[PDB]
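Down below is the structure, laid out as structure tokens.
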Amino acid sequence: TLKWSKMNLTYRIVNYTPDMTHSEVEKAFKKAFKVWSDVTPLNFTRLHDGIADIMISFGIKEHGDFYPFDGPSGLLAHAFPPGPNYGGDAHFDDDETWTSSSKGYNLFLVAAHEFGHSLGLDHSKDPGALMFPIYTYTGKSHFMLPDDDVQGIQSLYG
Ligand SMILES: COc1ccc(S(=O)(=O)N(Cc2cccnc2)c2c(C)cccc2C(=O)NO)cc1
Ligand SMILES: [Ca+2]
Ligand SMILES: [Zn+2]
Ligand SMILES: [Zn+2]
């Protein structure tokens, strides 16, 4: 029922994290778009400047929300439904430990999950699906959306 009115989308990174170098964070998001763009005709373009539909940034406990973060563990990130404005945004916890290795919460795992919500997908009951409510580490060497997620995204965007 909920979906973007166009396959063209843009995004902008407000800032990186001192936890890892900027290059490590940049390739992390690029891999996320590739995995989702592999089974979707969506086009993602990075904007050097200006406001983008999906802006990614790292926040801290209190930052202007009715229910901010609960500390290190808990909300690893959050986003609002899609919309021609603030919606479609995505915030990450800066108080947590972001690493590209298998430690704490992998940035790629949370990143792929928030995009799923922006695509109009709801939490799935499959533990192998990225939309699973519980955080789980997976081998990004060749991970691909399972049949459950592929059937759902295809049914929405076709
Ligand atoms: C692999 O991707 C993700 C993305 C978000 C989260 S999460 O902690 O924000 N998370 C799910 C959750 C986690 C562990 C125990 N209970 C619930 C949530 C929590 C804690 C509170 C409210 C919403 C979510 C949510 O689903 N956001 O997408 C966990 C894993
Ligand atoms: Ca948290
Ligand atoms: Zn926030
Ligand atoms: Zn979720």
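Every chain in the structure tokens takes a letter, A first, then B, and so on in the order presented; its residues are numbered from 1, and the ligands are numbered from 1 following the presented order.
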Please return, as a PDB file with C-alpha atoms, in the first residue's frame, all residues of chain A that DSSP assigns to strand (DSSP E) on the basis of the backbone.
ATOM      1  CA  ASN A   8      14.365   7.911  -8.543  1.00  0.00           C
ATOM      2  CA  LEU A   9      15.741   8.625  -5.038  1.00  0.00           C
ATOM      3  CA  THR A  10      18.654  10.706  -3.655  1.00  0.00           C
ATOM      4  CA  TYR A  11      20.538  10.585  -0.320  1.00  0.00           C
ATOM      5  CA  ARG A  12      23.180  12.642   1.560  1.00  0.00           C
ATOM      6  CA  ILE A  13      25.476  11.687   4.485  1.00  0.00           C
ATOM      7  CA  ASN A  43      17.995   4.362  -8.660  1.00  0.00           C
ATOM      8  CA  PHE A  44      20.039   5.875  -5.778  1.00  0.00           C
ATOM      9  CA  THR A  45      22.129   9.016  -6.536  1.00  0.00           C
ATOM     10  CA  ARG A  46      24.439  10.711  -3.984  1.00  0.00           C
ATOM     11  CA  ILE A  54      16.935  10.098   2.527  1.00  0.00           C
ATOM     12  CA  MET A  55      19.511  11.837   4.766  1.00  0.00           C
ATOM     13  CA  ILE A  56      21.658   9.656   7.076  1.00  0.00           C
ATOM     14  CA  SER A  57      23.161  11.052  10.307  1.00  0.00           C
ATOM     15  CA  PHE A  58      24.452   9.830  13.715  1.00  0.00           C
ATOM     16  CA  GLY A  59      22.552  11.244  16.751  1.00  0.00           C
ATOM     17  CA  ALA A  77      18.745   3.562  14.553  1.00  0.00           C
ATOM     18  CA  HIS A  78      15.308   4.797  13.430  1.00  0.00           C
ATOM     19  CA  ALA A  79      13.529   6.367  10.423  1.00  0.00           C
ATOM     20  CA  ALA A  90      17.362   7.747   9.037  1.00  0.00           C
ATOM     21  CA  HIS A  91      19.183   8.432  12.351  1.00  0.00           C
ATOM     22  CA  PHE A  92      21.875   6.223  13.981  1.00  0.00           C
ATOM     23  CA  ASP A  93      23.075   6.025  17.598  1.00  0.00           C
ATOM     24  CA  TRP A  98      29.892   1.137  14.926  1.00  0.00           C
ATOM     25  CA  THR A  99      32.320  -1.352  13.344  1.00  0.00           C
ATOM     26  CA  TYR A 105      26.219  -3.886  15.953  1.00  0.00           C
ATOM     27  CA  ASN A 106      27.509  -4.027  12.352  1.00  0.00           C
TER      28      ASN A 106
END
Dump the neighbourhood of ligand 4 as a PDB file with C-alpha atoms, in the first residue's frame: all residues within 12 Å, distances computed on only C-alpha atoms and all ligand atoms.
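Written file, out00.pdb:
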ATOM      1  CA  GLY A  74      18.194  -0.879  22.129  1.00  0.00           C
ATOM      2  CA  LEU A  75      17.342   1.382  19.158  1.00  0.00           C
ATOM      3  CA  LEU A  76      20.389   1.040  16.904  1.00  0.00           C
ATOM      4  CA  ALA A  77      18.745   3.562  14.553  1.00  0.00           C
ATOM      5  CA  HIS A  78      15.308   4.797  13.430  1.00  0.00           C
ATOM      6  CA  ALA A  79      13.529   6.367  10.423  1.00  0.00           C
ATOM      7  CA  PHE A  80      10.138   7.972   9.616  1.00  0.00           C
ATOM      8  CA  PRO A  81       7.746   6.745   6.849  1.00  0.00           C
ATOM      9  CA  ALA A  90      17.362   7.747   9.037  1.00  0.00           C
ATOM     10  CA  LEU A 109      23.119  -4.849   9.186  1.00  0.00           C
ATOM     11  CA  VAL A 110      21.287  -1.839  10.684  1.00  0.00           C
ATOM     12  CA  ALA A 111      21.675   0.166   7.459  1.00  0.00           C
ATOM     13  CA  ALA A 112      20.079  -2.538   5.273  1.00  0.00           C
ATOM     14  CA  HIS A 113      17.224  -2.833   7.805  1.00  0.00           C
ATOM     15  CA  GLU A 114      16.264   0.882   7.893  1.00  0.00           C
ATOM     16  CA  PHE A 115      16.088   0.927   4.074  1.00  0.00           C
ATOM     17  CA  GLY A 116      13.632  -2.003   4.266  1.00  0.00           C
ATOM     18  CA  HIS A 117      11.257   0.153   6.341  1.00  0.00           C
ATOM     19  CA  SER A 118      11.616   3.024   3.827  1.00  0.00           C
ATOM     20  CA  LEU A 119      10.691   0.578   1.032  1.00  0.00           C
ATOM     21  CA  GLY A 120       7.315  -0.011   2.763  1.00  0.00           C
ATOM     22  CA  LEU A 121       8.266  -3.472   4.126  1.00  0.00           C
ATOM     23  CA  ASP A 122       7.153  -4.479   7.660  1.00  0.00           C
ATOM     24  CA  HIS A 123       9.010  -6.696  10.156  1.00  0.00           C
ATOM     25  CA  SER A 124       9.146 -10.295   8.855  1.00  0.00           C
ATOM     26  CA  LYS A 125       8.918 -13.482  10.975  1.00  0.00           C
ATOM     27  CA  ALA A 129      15.303 -12.031   6.610  1.00  0.00           C
ATOM     28  CA  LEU A 130      16.880  -8.597   7.228  1.00  0.00           C
ATOM     29  CA  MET A 131      13.468  -7.271   8.348  1.00  0.00           C
ATOM     30  CA  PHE A 132      13.670  -9.616  11.382  1.00  0.00           C
ATOM     31  CA  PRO A 133      13.064  -7.513  14.600  1.00  0.00           C
ATOM     32  CA  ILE A 134      16.090  -9.132  16.338  1.00  0.00           C
ATOM     33  CA  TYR A 135      19.628  -8.108  15.318  1.00  0.00           C
TER      34      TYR A 135
END
| said: I'd like the contact shell of residue 102 (chain A) - 12 Å cut-off, only C-alpha atoms, skipping same-chain residues fewer than 6 positions apart - returned as a list in words. | reply: residues 108, 109, 136, 137, 138, 139 and 140 of chain A
Writing out the chosen residues with C-alpha atoms as a tab-separated table (two decimals), in the first residue's frame:
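The resulting file, part-v6.tsv, is shown below:
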chain	number	residue	atom	x	y	z
A	108	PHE	CA	25.70	-2.66	7.39
A	109	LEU	CA	23.12	-4.85	9.19
A	136	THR	CA	21.68	-10.99	13.84
A	137	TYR	CA	25.14	-11.05	12.18
A	138	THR	CA	25.31	-12.44	8.61
A	139	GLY	CA	28.11	-13.06	6.09
A	140	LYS	CA	28.03	-10.09	3.67
| Nearest to residue 107 (chain A): which of A:28, A:60, A:145, A:51 is it, counting only C-alpha atoms? |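 Distance minimum relative to residue 107 (chain A) lands on A:28.
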| Smallest atom-to-atom distance to ligand 2: which of A:30, A:103, A:61, A:142, using only C-alpha atoms and all ligand atoms? | A:61
| message | Given only C-alpha atoms as the basis, pick out the residue of A:152, A:21, A:70, A:33 nearest to residue 96 (chain A). | response | A:70
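Minimum atom-to-atom distances from A:158, A:71, A:128, A:146 to residue 7 (chain A) were compared using only C-alpha atoms, and the lowest value belongs to A:158.
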| said: Run DSSP on the backbone and tell me which residues of region 8-131 of chain A come out as helix (DSSP H, G or I); list them as a VMD selection string. | reply: chain A and resid 22 to 38 107 to 118
| Pairwise distance for atom 11 (C, counted along the ligand's line) of ligand 1 and CA of residue 68 (chain A), rounded to one decimal in Å |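 Result for atom 11 (C, counted along the ligand's line) of ligand 1 versus CA of residue 68 (chain A): 14.0 Å, one decimal.
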| field | Residue with smallest distance to ligand 2 - pool A:126, A:15, A:141, A:95, counting only C-alpha atoms and all ligand atoms | value |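 Distance minimum relative to ligand 2 lands on A:95.
If only C-alpha atoms and all ligand atoms are the atoms counted, then among A:148, A:65, A:53, A:94 the closest residue to ligand 2 is A:94.
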| query | For the atom pair atom 8 (O, counted along the ligand's line) of ligand 1 and CA of residue 5 (chain A), what is the interatomic distance in Å to one decimal place? | reply |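 Result for atom 8 (O, counted along the ligand's line) of ligand 1 versus CA of residue 5 (chain A): 28.5 Å, one decimal.
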| Length of the CA of residue 1 (chain A) to CA of residue 31 (chain A) vector [Å] | 27.2 Å
